[PDB]
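entry_11.tsv follows (TSV, N, CA and C atoms):
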chain	number	residue	atom	x	y	z
A	1	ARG	N	-17.66	7.61	-6.64
A	1	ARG	CA	-18.77	7.44	-5.72
A	1	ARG	C	-19.89	6.64	-6.39
A	2	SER	N	-20.52	5.79	-5.60
A	2	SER	CA	-21.61	4.97	-6.10
A	2	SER	C	-21.05	3.68	-6.71
A	3	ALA	N	-20.73	2.74	-5.84
A	3	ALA	CA	-20.18	1.47	-6.28
A	3	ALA	C	-19.49	0.78	-5.10
A	4	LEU	N	-18.66	1.55	-4.41
A	4	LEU	CA	-17.94	1.02	-3.27
A	4	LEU	C	-18.25	1.88	-2.04
A	5	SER	N	-17.83	3.13	-2.11
A	5	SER	CA	-18.05	4.06	-1.02
A	5	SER	C	-17.96	3.33	0.32
A	6	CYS	N	-19.12	2.94	0.83
A	6	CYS	CA	-19.18	2.23	2.09
A	6	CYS	C	-17.99	1.27	2.17
A	7	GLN	N	-17.99	0.30	1.26
A	7	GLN	CA	-16.92	-0.68	1.21
A	7	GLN	C	-15.58	-0.02	1.55
A	8	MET	N	-15.22	0.97	0.76
A	8	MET	CA	-13.98	1.69	0.96
A	8	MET	C	-13.82	2.10	2.43
A	9	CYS	N	-14.92	2.58	3.00
A	9	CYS	CA	-14.92	3.01	4.38
A	9	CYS	C	-14.55	1.81	5.26
A	10	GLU	N	-14.98	0.64	4.81
A	10	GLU	CA	-14.70	-0.59	5.54
A	10	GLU	C	-13.26	-1.04	5.30
A	11	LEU	N	-12.60	-0.33	4.40
A	11	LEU	CA	-11.22	-0.65	4.06
A	11	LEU	C	-10.28	0.17	4.95
A	12	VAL	N	-10.46	1.48	4.89
A	12	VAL	CA	-9.64	2.38	5.69
A	12	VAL	C	-9.73	1.98	7.16
A	13	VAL	N	-10.96	1.76	7.60
A	13	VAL	CA	-11.20	1.38	8.98
A	13	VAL	C	-10.52	0.03	9.26
A	14	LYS	N	-10.94	-0.97	8.50
A	14	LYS	CA	-10.39	-2.31	8.65
A	14	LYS	C	-8.87	-2.21	8.78
A	15	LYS	N	-8.31	-1.24	8.08
A	15	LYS	CA	-6.87	-1.04	8.10
A	15	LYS	C	-6.49	-0.29	9.38
A	16	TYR	N	-7.33	0.68	9.73
A	16	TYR	CA	-7.09	1.48	10.92
A	16	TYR	C	-7.46	0.70	12.18
A	17	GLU	N	-8.76	0.50	12.35
A	17	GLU	CA	-9.26	-0.23	13.51
A	17	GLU	C	-8.38	-1.45	13.79
A	18	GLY	N	-7.91	-2.06	12.71
A	18	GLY	CA	-7.06	-3.23	12.82
A	18	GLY	C	-5.67	-2.97	12.23
A	19	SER	N	-5.13	-1.81	12.57
A	19	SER	CA	-3.82	-1.42	12.09
A	19	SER	C	-2.75	-1.82	13.10
A	20	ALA	N	-2.98	-1.43	14.35
A	20	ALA	CA	-2.04	-1.74	15.41
A	20	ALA	C	-0.89	-0.73	15.39
A	21	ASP	N	-0.95	0.17	14.41
A	21	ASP	CA	0.07	1.18	14.27
A	21	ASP	C	-0.53	2.56	14.56
A	22	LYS	N	-1.86	2.59	14.62
A	22	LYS	CA	-2.57	3.83	14.89
A	22	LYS	C	-1.93	4.96	14.09
A	23	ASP	N	-1.94	4.79	12.77
A	23	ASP	CA	-1.37	5.79	11.89
A	23	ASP	C	-2.18	5.84	10.59
A	24	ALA	N	-2.77	7.00	10.34
A	24	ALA	CA	-3.57	7.20	9.14
A	24	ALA	C	-2.67	7.10	7.91
A	25	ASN	N	-1.37	7.08	8.16
A	25	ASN	CA	-0.40	7.00	7.09
A	25	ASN	C	-0.28	5.54	6.62
A	26	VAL	N	-0.10	4.66	7.59
A	26	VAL	CA	0.03	3.24	7.30
A	26	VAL	C	-1.35	2.66	7.00
A	27	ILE	N	-2.37	3.46	7.30
A	27	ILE	CA	-3.74	3.04	7.07
A	27	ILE	C	-4.18	3.48	5.67
A	28	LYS	N	-4.35	4.78	5.52
A	28	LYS	CA	-4.77	5.34	4.24
A	28	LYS	C	-4.03	4.61	3.11
A	29	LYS	N	-2.75	4.36	3.34
A	29	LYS	CA	-1.93	3.68	2.36
A	29	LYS	C	-2.40	2.23	2.23
A	30	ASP	N	-2.49	1.56	3.38
A	30	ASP	CA	-2.92	0.18	3.41
A	30	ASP	C	-4.16	0.01	2.53
A	31	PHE	N	-5.16	0.85	2.80
A	31	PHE	CA	-6.40	0.80	2.04
A	31	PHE	C	-6.12	0.70	0.54
A	32	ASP	N	-5.30	1.63	0.06
A	32	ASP	CA	-4.95	1.66	-1.35
A	32	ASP	C	-4.44	0.28	-1.77
A	33	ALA	N	-3.90	-0.44	-0.80
A	33	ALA	CA	-3.38	-1.77	-1.05
A	33	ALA	C	-4.53	-2.72	-1.39
A	34	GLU	N	-5.47	-2.82	-0.46
A	34	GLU	CA	-6.62	-3.68	-0.65
A	34	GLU	C	-7.72	-2.93	-1.41
A	35	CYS	N	-7.30	-1.92	-2.15
A	35	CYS	CA	-8.24	-1.12	-2.92
A	35	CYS	C	-7.83	-1.20	-4.39
A	36	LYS	N	-6.55	-0.93	-4.64
A	36	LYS	CA	-6.03	-0.96	-5.99
A	36	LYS	C	-6.11	-2.39	-6.53
A	37	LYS	N	-5.51	-3.31	-5.78
A	37	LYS	CA	-5.51	-4.71	-6.17
A	37	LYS	C	-6.95	-5.24	-6.17
A	38	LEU	N	-7.67	-4.89	-5.11
A	38	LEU	CA	-9.06	-5.32	-4.98
A	38	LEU	C	-9.87	-4.75	-6.14
A	39	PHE	N	-9.86	-3.42	-6.24
A	39	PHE	CA	-10.60	-2.74	-7.29
A	39	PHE	C	-9.69	-2.45	-8.49
A	40	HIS	N	-8.77	-3.36	-8.73
A	40	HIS	CA	-7.84	-3.21	-9.84
A	40	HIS	C	-8.59	-3.34	-11.16
A	41	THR	N	-9.53	-4.28	-11.18
A	41	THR	CA	-10.32	-4.52	-12.38
A	41	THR	C	-11.59	-3.66	-12.35
A	42	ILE	N	-11.39	-2.38	-12.08
A	42	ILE	CA	-12.51	-1.45	-12.02
A	42	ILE	C	-12.18	-0.21	-12.86
A	43	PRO	N	-13.22	0.28	-13.59
A	43	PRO	CA	-13.05	1.45	-14.44
A	43	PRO	C	-12.99	2.73	-13.60
A	44	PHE	N	-12.86	2.53	-12.29
A	44	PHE	CA	-12.80	3.66	-11.38
A	44	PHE	C	-12.51	3.19	-9.95
A	45	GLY	N	-11.63	2.20	-9.85
A	45	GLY	CA	-11.26	1.65	-8.56
A	45	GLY	C	-10.05	2.39	-7.97
A	46	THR	N	-8.90	2.13	-8.57
A	46	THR	CA	-7.67	2.76	-8.12
A	46	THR	C	-7.84	4.28	-8.04
A	47	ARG	N	-8.60	4.80	-8.99
A	47	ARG	CA	-8.85	6.23	-9.05
A	47	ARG	C	-9.58	6.69	-7.78
A	48	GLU	N	-10.72	6.07	-7.54
A	48	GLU	CA	-11.52	6.40	-6.37
A	48	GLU	C	-10.73	6.12	-5.09
A	49	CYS	N	-9.82	5.16	-5.19
A	49	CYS	CA	-8.99	4.79	-4.05
A	49	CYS	C	-8.18	6.01	-3.63
A	50	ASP	N	-7.39	6.52	-4.57
A	50	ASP	CA	-6.56	7.68	-4.30
A	50	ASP	C	-7.46	8.89	-4.03
A	51	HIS	N	-8.74	8.71	-4.31
A	51	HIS	CA	-9.70	9.77	-4.10
A	51	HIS	C	-10.44	9.55	-2.78
A	52	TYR	N	-10.07	8.47	-2.11
A	52	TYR	CA	-10.68	8.12	-0.84
A	52	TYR	C	-9.69	8.29	0.31
A	53	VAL	N	-8.50	7.73	0.12
A	53	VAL	CA	-7.46	7.80	1.13
A	53	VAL	C	-6.83	9.19	1.09
A	54	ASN	N	-7.68	10.20	1.19
A	54	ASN	CA	-7.22	11.58	1.17
A	54	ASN	C	-8.43	12.52	1.19
A	55	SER	N	-9.43	12.13	1.97
A	55	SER	CA	-10.64	12.92	2.08
A	55	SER	C	-11.68	12.17	2.92
A	56	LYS	N	-11.75	10.87	2.68
A	56	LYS	CA	-12.70	10.03	3.40
A	56	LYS	C	-11.94	9.19	4.43
A	57	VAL	N	-10.64	9.41	4.49
A	57	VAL	CA	-9.79	8.68	5.42
A	57	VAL	C	-9.53	9.54	6.65
A	58	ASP	N	-9.68	10.84	6.46
A	58	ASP	CA	-9.47	11.79	7.55
A	58	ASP	C	-10.71	11.81	8.45
A	59	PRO	N	-11.89	11.83	7.78
A	59	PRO	CA	-13.15	11.85	8.51
A	59	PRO	C	-13.47	10.48	9.12
A	60	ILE	N	-13.44	9.47	8.26
A	60	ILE	CA	-13.72	8.12	8.70
A	60	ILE	C	-12.93	7.82	9.98
A	61	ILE	N	-11.63	8.06	9.89
A	61	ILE	CA	-10.75	7.82	11.03
A	61	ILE	C	-11.15	8.75	12.17
A	62	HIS	N	-11.82	9.84	11.81
A	62	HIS	CA	-12.26	10.81	12.79
A	62	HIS	C	-13.41	10.22	13.62
A	63	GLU	N	-14.03	9.19	13.06
A	63	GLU	CA	-15.14	8.53	13.73
A	63	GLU	C	-14.61	7.43	14.66
A	64	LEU	N	-13.69	6.64	14.13
A	64	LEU	CA	-13.10	5.56	14.90
A	64	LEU	C	-12.30	6.14	16.06
A	65	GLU	N	-11.70	7.29	15.81
A	65	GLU	CA	-10.90	7.96	16.82
A	65	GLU	C	-11.80	8.48	17.95
A	66	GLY	N	-12.92	9.05	17.55
A	66	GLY	CA	-13.87	9.59	18.51
A	66	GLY	C	-14.45	8.48	19.39
A	67	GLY	N	-14.78	7.37	18.74
A	67	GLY	CA	-15.35	6.24	19.45
A	67	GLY	C	-16.31	5.45	18.55
A	68	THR	N	-16.74	6.11	17.48
A	68	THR	CA	-17.65	5.49	16.54
A	68	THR	C	-17.08	4.16	16.04
A	69	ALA	N	-17.99	3.23	15.77
A	69	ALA	CA	-17.59	1.92	15.29
A	69	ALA	C	-17.35	1.98	13.78
A	70	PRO	N	-16.61	0.96	13.27
A	70	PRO	CA	-16.31	0.90	11.85
A	70	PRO	C	-17.53	0.46	11.04
A	71	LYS	N	-18.64	1.15	11.29
A	71	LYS	CA	-19.88	0.85	10.60
A	71	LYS	C	-20.74	2.11	10.54
A	72	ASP	N	-20.82	2.79	11.67
A	72	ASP	CA	-21.60	4.01	11.75
A	72	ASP	C	-20.76	5.19	11.26
A	73	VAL	N	-19.49	4.91	11.03
A	73	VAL	CA	-18.57	5.93	10.55
A	73	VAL	C	-19.08	6.49	9.22
A	74	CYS	N	-18.61	5.89	8.14
A	74	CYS	CA	-19.01	6.32	6.81
A	74	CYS	C	-20.42	6.90	6.90
A	75	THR	N	-21.31	6.11	7.48
A	75	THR	CA	-22.70	6.52	7.63
A	75	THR	C	-22.77	7.96	8.13
A	76	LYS	N	-22.15	8.19	9.28
A	76	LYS	CA	-22.14	9.51	9.88
A	76	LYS	C	-21.75	10.54	8.82
A	77	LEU	N	-20.75	10.18	8.03
A	77	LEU	CA	-20.27	11.05	6.98
A	77	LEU	C	-21.04	10.76	5.68
A	78	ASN	N	-22.31	10.43	5.85
A	78	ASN	CA	-23.16	10.12	4.71
A	78	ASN	C	-22.34	9.36	3.67
A	79	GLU	N	-21.39	8.58	4.16
A	79	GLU	CA	-20.53	7.80	3.28
A	79	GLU	C	-21.13	6.40	3.08
A	80	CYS	N	-21.71	5.88	4.15
A	80	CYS	CA	-22.31	4.56	4.10
A	80	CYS	C	-23.83	4.73	4.01
A	81	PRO	N	-24.45	3.92	3.11
A	81	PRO	CA	-23.69	2.98	2.30
A	81	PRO	C	-22.92	3.71	1.19
Rewrite the structure of this file - the entire thing - as structure tokens.
Amino acid sequence: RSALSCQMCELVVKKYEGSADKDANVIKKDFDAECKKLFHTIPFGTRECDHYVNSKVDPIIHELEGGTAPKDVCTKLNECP
């Protein structure tokens, strides 16, 4: 926490909102894709990734599912920024 957070939220969502599979499985995982490689050169990227797509992916998606946009989500969950 404190470096990406929000960003990450924009990952899971970006993967979800724009998944087309409507599956937190193909999403949460997807994120790790553009998270590990993305935050591959981070002293706490991949780590936080696996620490995001399993706690902040359930809630975040809980916002997009409800109707919340992929911006007010994390926020709602005091995730964003």
Surrounding residues of residue 78 of chain A excluding itself and chain neighbours under 5 positions, 10 Å, only C-alpha atoms, as a compact mmCIF listing (two decimals) with N, CA and C atoms, keeping the file's coordinate frame:
# COMPACT_ATOMS: atom_id res chain seq x y z
N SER A 5 -17.83 3.13 -2.11
CA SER A 5 -18.05 4.06 -1.02
C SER A 5 -17.96 3.33 0.32
N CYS A 6 -19.12 2.94 0.83
CA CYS A 6 -19.18 2.23 2.09
C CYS A 6 -17.99 1.27 2.17
N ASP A 72 -20.82 2.79 11.67
CA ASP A 72 -21.60 4.01 11.75
C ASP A 72 -20.76 5.19 11.26
N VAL A 73 -19.49 4.91 11.03
CA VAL A 73 -18.57 5.93 10.55
C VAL A 73 -19.08 6.49 9.22
Spatial neighbours of residue 30 of chain A, max dist 7 Å, all atoms listed in the file, sep filter under 6 positions, as JSON, numbers by chain:
{"A": [11, 12, 15]}
Within 8 Å of residue 47 of chain A using only N, CA and C atoms, minus same-chain residues under 6 positions, as a ChimeraX atom specification:
/A:35-36,39
Calculate how many Å separate atom N of residue 56 of chain A from atom C of residue 77 of chain A, rounding to one decimal.
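Calculated distance between atom N of residue 56 of chain A and atom C of residue 77 of chain A is 9.8 Å.
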One decimal, in Å: what's the spacing between atom CA of residue 66 of chain A and atom C of residue 45 of chain A?
27.7 Å
For residue 24 of chain A, the nearest of the candidates A:57, A:4, A:38, A:74, counting all atoms listed in the file
A:57
Would you mind writing down, as JSON, numbers by chain, each residue of chain A that DSSP on the backbone assigns to alpha helix (DSSP H)?
{"A": [6, 7, 8, 9, 10, 11, 12, 13, 14, 15, 16, 24, 25, 26, 27, 28, 29, 30, 31, 32, 33, 34, 35, 36, 46, 47, 48, 49, 50, 57, 58, 59, 60, 61, 62, 63, 64, 65, 66, 72, 73, 74, 75, 76]}
Could you give me, as a ChimeraX atom specification, the residues that have an atom at most 9 Å away from the point (-19.5, 4.3, -10.2) in the coordinates of the file, using only C-alpha atoms?
/A:1-4,43-45
Just the number, please: distance in Å from atom N of residue 53 of chain A to atom C of residue 27 of chain A, one decimal.
8.2 Å
With distances taken over only C-alpha atoms, which residue among A:22, A:37, A:14, A:28 lies nearest residue 55 of chain A?
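That would be A:28, the residue with the smallest distance to residue 55 of chain A.
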